[PDB]
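Asks: Encoded as structure tokens, here's the structure I'll be asking about.
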Amino acid sequence: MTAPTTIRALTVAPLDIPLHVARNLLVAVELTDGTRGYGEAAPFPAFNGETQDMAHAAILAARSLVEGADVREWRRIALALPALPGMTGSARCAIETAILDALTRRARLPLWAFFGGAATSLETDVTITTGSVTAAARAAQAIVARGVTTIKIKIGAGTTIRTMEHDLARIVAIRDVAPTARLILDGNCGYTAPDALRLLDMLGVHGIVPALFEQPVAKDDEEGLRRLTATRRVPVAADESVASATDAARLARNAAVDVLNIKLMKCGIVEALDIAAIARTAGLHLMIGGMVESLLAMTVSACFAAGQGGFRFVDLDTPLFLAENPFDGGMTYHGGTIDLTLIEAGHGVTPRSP
Amino acid sequence: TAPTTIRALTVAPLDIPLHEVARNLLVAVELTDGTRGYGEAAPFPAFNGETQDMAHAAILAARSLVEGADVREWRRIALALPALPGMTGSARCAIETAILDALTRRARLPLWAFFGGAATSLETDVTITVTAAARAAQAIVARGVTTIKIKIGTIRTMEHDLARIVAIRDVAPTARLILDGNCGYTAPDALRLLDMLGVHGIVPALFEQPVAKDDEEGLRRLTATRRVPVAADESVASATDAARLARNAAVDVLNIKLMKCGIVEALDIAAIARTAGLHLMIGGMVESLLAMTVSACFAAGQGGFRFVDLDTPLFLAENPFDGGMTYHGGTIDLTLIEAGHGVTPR
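Sequence lines, in order, name chains B and A. Numbered according to the deposited numbering, the first sequence spans residues 3 to 22, 34 to 171, 176 to 371. Numbered according to the deposited numbering, the second sequence spans residues 4 to 22, 33 to 142, 146 to 169, 177 to 369.
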């Protein structure tokens, strides 16, 4: 006799979404009883080296342990994935999402309810890419118009005093167009502890004190981080540096950062839950984010953060930049306010057809 | 009014005759749509001076917050109890349990599945409280139980307990042995007992809370000894205790009891132990089938529990309940629980 919760099929297709392309995967699990969960891989090679083919390979590699398994055992499966030779972060994520979506779709259980039900809405910020000063203000005007109050500002790359004075020029113009906006700085591993600091003074001169400097120094520079953090003048967030419950434990231990940025696409859900717990207990604050993701990975991210509650920073903006939306359902935007109340089973997102 | 809304928070005496008597409380939430969930508060006055009545008030006082809330928001409710006026740890557990049991009963979702479904059975030990020692060891193995928890606690007085565990070893020479120090030794004293234990060639599986709740430097030096594995019991109560304990490498094993701080708090503890590589034991107070089943659903669900101390429904003269976990000697099966923890009043 066949148990309804048994996983019959793990399938995957490309999910290339045009911008203005994002090479993503759409993962699907089906239970012997007919229910389907979906999940999405959004590998970002520039971020960690992993690619679509590599994450595509991993998902196929995982059929061995996923198919035949019970969806009710999402935790022993999640823990089994890493051991597969080809395994990658964003497949862990897409697989785990697809499994939890099936489990909860079937149970008629909002995914945000699964994650705790602390909240059912979020207030997202919106990112401004690094370009000209004109574009920064132009962007900032569109933001303000939307009703978004926090804005994340990209800067650097991996430096001078002129590159900094240009990055500084942008931030000024942006504050001018948004005088009461909460500002986040996204260093993106492009600063030295000193360089990072020099700039904070230029910004201090013009009367700007960022609400957060996210990942000023480089990934392996948990010393610059620790450093910058000690000069208690701007909250420092670990992004690239934190990608496991273990990094998170260490970061907290060495007082390297004030804020942890969680991304399900980096490590998956089961792991994120542990990072969440470690941050809570160490009293580090939480940012939620993502790669280049559609409504699917981004909804799951909001159901995670709202469900859990306790996230000071929410950076779930990418579906505002995509030029297509291949999905039915999922979270809803009202200005900068993400609404989850219409999600009644799983994460509510399903593929459409033309 | 959404079907998921809590219509009524309820509590009733749950007095179960000790095969003394356990003065517990049966908590119950009822949802608009008719769904009922259950929780159990088993306060232990001898432990933290919390009482059946003290916790009864806590639960009723919680009606203001709980009644009218949505069971879909188990986590925010749960994070909020602590402040309610007169809140008792065991009523936090009983409430949270009742709430989760309603959410997952309604969703035809076994609790162990909600907790991850890592496993679906566990293997429990049984406790022994000097002739009286071997008398217990004998019936235990005649139950098929392979782990034995020996409660214990002058060089003389160690001698006596040594004669005990040696009497139990001679009777069941292959069974895994836990020592339940119970904040009853100083470090030098404990080691002294280990020494006089490794003479008869006895090394216990675990030494549970050898020192006082406050001597986390005692636990610590015992643990650097790297001889026997040391578990924190009374010393670990919150996610914060757990994180400190782990930072200072004070112990090897953390003993979770849901009845102490509730389920949400317990999840964070498990998580902190896991990332630090500490091992876990799951226990309880004097709980009935209900709290003991949630406890199993928690451990089996999260998986990764080396020690399972869930025996109290055995020392019990009556069972007011239907369903839940089943015993087969020392093995607990959750396999037959289809919705919530599957426990209900008789």
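Ideal Cβ positions, reconstructed from N, Cα and C, are used throughout, including at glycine.
1) Using only the alpha-carbon positions, how far apart do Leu339/A and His22/A sit?
2) Output, in sequence order along the chain, the residues in the stretch 261 to 286 of chain A whose CB is closer than 8 Å to any CB in chain B.
3) So if I threshold CB-CB distances at 9 Å, which residues from the stretch 286 to 312 of chain A count as touching chain B?
4) For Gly363/A and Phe328/A, I'd like the C-alpha separation in whole angstroms.
5) Look up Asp256/B in the DSSP assignment and give the residues it is bridged to.
6) For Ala195/A, which option in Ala96/A, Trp125/A and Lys165/A has the closest C-alpha, if you only look at C-alpha atoms?
7) Sorted by chain position, which residues of the same chain lie with C-beta nearer than 6 Å to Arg76/A's C-beta, five sequence neighbours on each side aside?
8) Roughly how many angstroms lie between the CA atoms of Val259/B and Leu268/B, to the nearest whole one?
9) Inspect the beta-carbon positions of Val331/A and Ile305/A and report whether they are closer than 7 Å.
10) To the nearest angstrom, report how far apart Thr248/B and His302/B are at their CA atoms.
11) Return the Cβ separation of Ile108/A and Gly52/A in integer angstroms, given the expectation that the two are a contact with Cβ distance under 8 Å.
12) At a Cβ threshold of 7 Å, is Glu86/B touching chain A?
13) Which ranges would you report for the alpha helix (DSSP H) in the stretch 130 to 163 of chain B if only whole runs of at least 4 residues count?
14) Closer than 7 Å, CB to CB, is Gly221/A near chain B or not?
15) If you measure between the beta carbons of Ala71/A and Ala41/A, is that distance less than 7 Å?
16) Are the beta-carbon atoms of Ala254/B and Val234/B separated by less than 7 Å?
17) Excluding the five sequence neighbours on either side, which residues of its own chain have a C-beta within less than 7 Å of the C-beta of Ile112/B, listed in chain order?
18) Pick out whichever of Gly347/B, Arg119/B and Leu333/B has its Cα sitting closest to the Cα of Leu44/B.
19) Nearest to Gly102/B by CA position, among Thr358/B, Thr64/B and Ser134/B, is which residue?
20) Which residue from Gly144/B, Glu310/B, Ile295/B and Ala190/B puts its Cα closest to that of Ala55/B?
21) Would you please verify whether the beta carbon of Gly130/B is less than 7 Å from any beta carbon of chain A?
22) Could you spell out where the beta strand (DSSP E) holding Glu53/B opens and where it closes?
23) Counting only the same chain and skipping the five closest in sequence on each side, list residues whose C-beta sits under 6 Å from that of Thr140/B.
24) Kindly list, in the order they appear in chain B, the residues whose Cβ is closer than 9 Å to that of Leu122/A.
25) Report the CB separation of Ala289/A from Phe321/A in whole angstroms; it is logged as a contact under 8 Å.
26) Under the assumption that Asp212/B contacts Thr246/B (Cβ atoms under 8 Å), give the Cβ distance between them as a whole number of angstroms.
27) Along chain B, which residues have their Cβ under 7 Å away from the Cβ of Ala126/A?
28) Taking only beta-carbon positions, decide if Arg179/B is within less than 7 Å of chain A.
29) Taking a Cβ distance cut-off of 9 Å, strictly less, list which residues of the stretch 152 to 164 of chain A are near chain B, in chain order.
30) In whole angstroms, what separates the C-alpha of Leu38/B from that of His351/A?
31) Examine chain B for any beta-carbon lying closer than 7 Å to the beta-carbon of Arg49/A, and answer yes or no.
32) Could you compute how far the alpha carbon of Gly347/A sits from the alpha carbon of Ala314/A?
33) Using the beta-carbon of each residue, which ones in chain B are nearer than 8 Å to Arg89/A?
34) Straight-line CA distance for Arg192/A to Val317/B?
35) Short of 6 Å in beta carbon distance, which residues of its chain neighbour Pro20/B, apart from the five on each side in sequence? Order them along the chain.
36) Assign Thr4/B to buried or exposed, taking buried as 16 or more other Cβ atoms, counted over all protein chains shown, within 10 Å of its Cβ.
Replies: According to the structure shown:
1) To locate residue 339/A, count along the second sequence from 1; it is residue 316. To locate residue 22/A, count along the second sequence from 1; it is residue 19. Cα to Cα, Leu339/A sits roughly 5 Å from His22/A.
2) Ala262, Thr263, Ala265, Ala266 and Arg270
3) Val287, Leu290, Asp291, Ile292, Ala293, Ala294, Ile295, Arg297, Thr298 and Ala299
4) Taking the second sequence and counting its residues from 1, the one referred to as residue 363/A is at position 340. Taking the second sequence and counting its residues from 1, the one referred to as residue 328/A is at position 305. Roughly 21 Å between the two C-alpha positions.
5) Along the first sequence, read from residue 1 onward, the residue named residue 256/B stands at position 239. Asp256/B pairs with nothing; no bridge assigned.
6) Here residue 195/A refers to the residue found at position 172 of the second sequence. Closest by alpha carbon: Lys165/A.
7) Position 63 of the second sequence, counted from the first residue, corresponds to residue 76/A. Cβ neighbours of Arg76/A beyond the five flanking positions: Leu12.
8) Numbered from its first residue, the first sequence carries residue 259/B at position 242. Numbered from its first residue, the first sequence carries residue 268/B at position 251. Straight-line Cα distance between these residues: approximately 8 Å.
9) Taking the second sequence and counting its residues from 1, one reaches residue 331/A at position 308. Taking the second sequence and counting its residues from 1, one reaches residue 305/A at position 282. It is a contact, given that the beta carbons lie within the stated cut-off.
10) On the first sequence, position 231 is the one that residue 248/B refers to. On the first sequence, position 285 is the one that residue 302/B refers to. About 18 Å.
11) As a first step, residue 108/A is located in the second sequence; it is residue number 95 there, counting from the start. As a first step, residue 52/A is located in the second sequence; it is residue number 39 there, counting from the start. 6 Å between Cβ atoms; contact.
12) Counted from its first residue, the first sequence places residue 86/B at position 73. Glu86/B counts as touching chain A.
13) 146 to 159
14) By one-based count along the second sequence, residue 221/A stands at place 198. Not closer than 7 Å to any Cβ of chain B, the Cβ of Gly221/A fails to qualify, so no.
15) Residue numbering aside, residue 71/A sits at position 58 when the second sequence is read from its first letter. Residue numbering aside, residue 41/A sits at position 28 when the second sequence is read from its first letter. Going by C-beta atoms, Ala71/A is not nearer than 7 Å to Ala41/A.
16) If you number the first sequence from 1, residue 254/B lands on position 237. If you number the first sequence from 1, residue 234/B lands on position 217. Not a contact, by the Cβ cut-off of 7 Å.
17) In the first sequence, residue 112/B corresponds to position 99, counting from 1. Only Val42, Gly50, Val84, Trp87 and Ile90 meet the Cβ criterion.
18) Taking the first sequence and counting its residues from 1, one reaches residue 44/B at position 31. Here the closest residue by C-alpha is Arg119/B.
19) Along the first sequence, one-based indexing puts residue 102/B at 89. Minimum Cα distance to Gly102/B is reached at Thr64/B.
20) Along the first sequence, one-based indexing puts residue 55/B at 42. Checked all of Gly144/B, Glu310/B, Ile295/B and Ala190/B; the closest Cα to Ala55/B is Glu310/B.
21) Working through the first sequence from its first residue, we reach residue 130/B at position 117. At least one chain A Cβ lies under 7 Å of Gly130/B.
22) To locate residue 53/B, count along the first sequence from 1; it is residue 40. From DSSP, the beta strand (DSSP E) with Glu53/B extends over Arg49 to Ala54.
23) Taking the first sequence and counting its residues from 1, the one referred to as residue 140/B is at position 127. Closer than 6 Å at Cβ, skipping near neighbours: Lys165 and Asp334.
24) Position 109 of the second sequence, counted from the start, is the residue given in the question as residue 122/A. Those within 9 Å of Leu122/A in chain B are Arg85, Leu116, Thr117, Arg119, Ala120 and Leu122.
25) In the second sequence, counting from the first residue as 1, residue 289/A sits at position 266. In the second sequence, counting from the first residue as 1, residue 321/A sits at position 298. Yes, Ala289/A and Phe321/A are in contact; Cβ-Cβ is about 7 Å, under 8 Å.
26) In the first sequence, the residue the question calls residue 212/B occupies position 195. In the first sequence, the residue the question calls residue 246/B occupies position 229. Their Cβ separation, rounded to whole angstroms, is 16 Å, which puts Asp212/B and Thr246/B out of contact at 8 Å.
27) Walking along the second sequence from the start, residue 126/A turns up at place 113. Within 7 Å Cβ-Cβ: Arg85.
28) As a working note, residue 179/B is residue 162 in the first sequence. Cβ-Cβ to chain A under 7 Å: no for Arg179/B.
29) none
30) Counting from one through the first sequence, the residue named residue 38/B turns up at place 25. Counting from one through the second sequence, the residue named residue 351/A turns up at place 328. Cα to Cα, the separation comes out at about 46 Å.
31) For the purposes of this step, residue 49/A is identified with residue 36 of the second sequence, where counting begins at 1. Answer no: the Cβ-Cβ gap between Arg49/A and chain B never drops below 7 Å.
32) In the second sequence, counting from the first residue as 1, residue 347/A sits at position 324. In the second sequence, counting from the first residue as 1, residue 314/A sits at position 291. Each residue's alpha carbon lies about 10 Å from the other.
33) The count along the second sequence starts at 1 and reaches residue 89/A at position 76. Correct list: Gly129, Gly130, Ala131, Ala132 and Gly326.
34) Here the question's residue 192/A lines up with position 169 in the second sequence. Here the question's residue 317/B lines up with position 300 in the first sequence. Spanning the two alpha carbons is a distance of roughly 53 Å.
35) Taking the first sequence and counting its residues from 1, one reaches residue 20/B at position 18. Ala340 and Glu341.
36) The residue you call residue 4/B lines up with position 2 of the first sequence. When all chains shown are included, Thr4/B counts as exposed.
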